[PDB]
Amino acid sequence: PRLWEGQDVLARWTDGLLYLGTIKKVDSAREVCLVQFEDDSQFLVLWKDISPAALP
Amino acid sequence: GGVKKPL
Ligand SMILES: [Zn+2]
Ligand SMILES: [Zn+2]
């Protein structure tokens, strides 16, 4: 899958800035992921705000 | 999905 649990990603916050995050659980039906950030916080992030932290 | 753009 293009996204998976434990994948390192870049996620856009509402400020418009990208943060390094880690995916914890993916919900393909809602195009949403659980992402945890360097402060251990967790958010739900729409797929359109997620990109892999790795080039193909 | 993403942004819908016209041609
Ligand atoms: Zn910690
Ligand atoms: Zn979509």
Side-chain angles (χ1 to χ4, degrees):
Chain A
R2 73 183 74 123
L3 310 168
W4 58 89
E5 292 179 35
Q7 166 178 28
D8 301 304
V9 300
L10 316 175
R12 193 177 307 300
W13 181 226
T14 63
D15 54 18
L17 310 168
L18 304 166
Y19 298 84
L20 281 171
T22 318
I23 291 194
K24 299 298 292 294
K25 169 80 56 175
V26 173
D27 177 323
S28 175
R30 284 170 181 102
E31 289 203 77
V32 161
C33 286
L34 188 164
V35 184
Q36 188 173 343
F37 302 96
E38 199 166 338
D39 55 8
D40 308 328
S41 75
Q42 307 206 332
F43 285 71
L44 300 161
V45 310
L46 293 165
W47 280 4
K48 73 184 299 162
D49 288 310
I50 304 186
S51 160
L55 304 181
Chain B
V3 174
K4 184 227 282 190
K5 283 79 69 177
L7 300 189

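Counting starts at 1 for both ligands and their atoms, following the listed order. Below, all heavy atoms of this structure are taken into account, side chains as well, without hydrogens, waters or symmetry copies. Letters go in sequence order (proteins before strands), and every chain restarts at 1.
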> Do A:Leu3 and A:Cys33 have side chains that get closer than 4.5 Å, going by heavy atoms?
Replying inline: yes

> What residues form a salt bridge (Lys or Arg N to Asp or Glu O under 4.0 Å) with A:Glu31, not counting sequence neighbours?
Replying inline: none

>> Using the side chain to side chain contact (heavy atoms under 4.5 Å, CB included) criterion, which residues pair with A:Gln36? Sequence neighbours excluded.
In response: A:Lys24, A:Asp40, A:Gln42

> Nearest heavy-atom pair of A:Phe37 and A:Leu20: which atoms, and what distance?
Replying inline: CD2-O, 3.5 Å

> What protein N, O or S atoms come within a distance below 2.8 Å of the Zn ion (ligand 2), ordered by chain and number?
Replying inline: A:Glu31 OE1, A:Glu31 OE2, B:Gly1 N

> What are the two closest heavy atoms between A:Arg30 and A:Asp27, and how far apart are they?
Replying inline: N-OD1, 2.8 Å

> With sequence neighbours left out, what residues match A:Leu46 under side chain to side chain contact (heavy atoms under 4.5 Å, CB included)?
Replying inline: A:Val32, A:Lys48, A:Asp49

> Which single N/O/S atom of A:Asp40 lies at minimum distance from the Zn ion (ligand 1)?
Replying inline: OD2

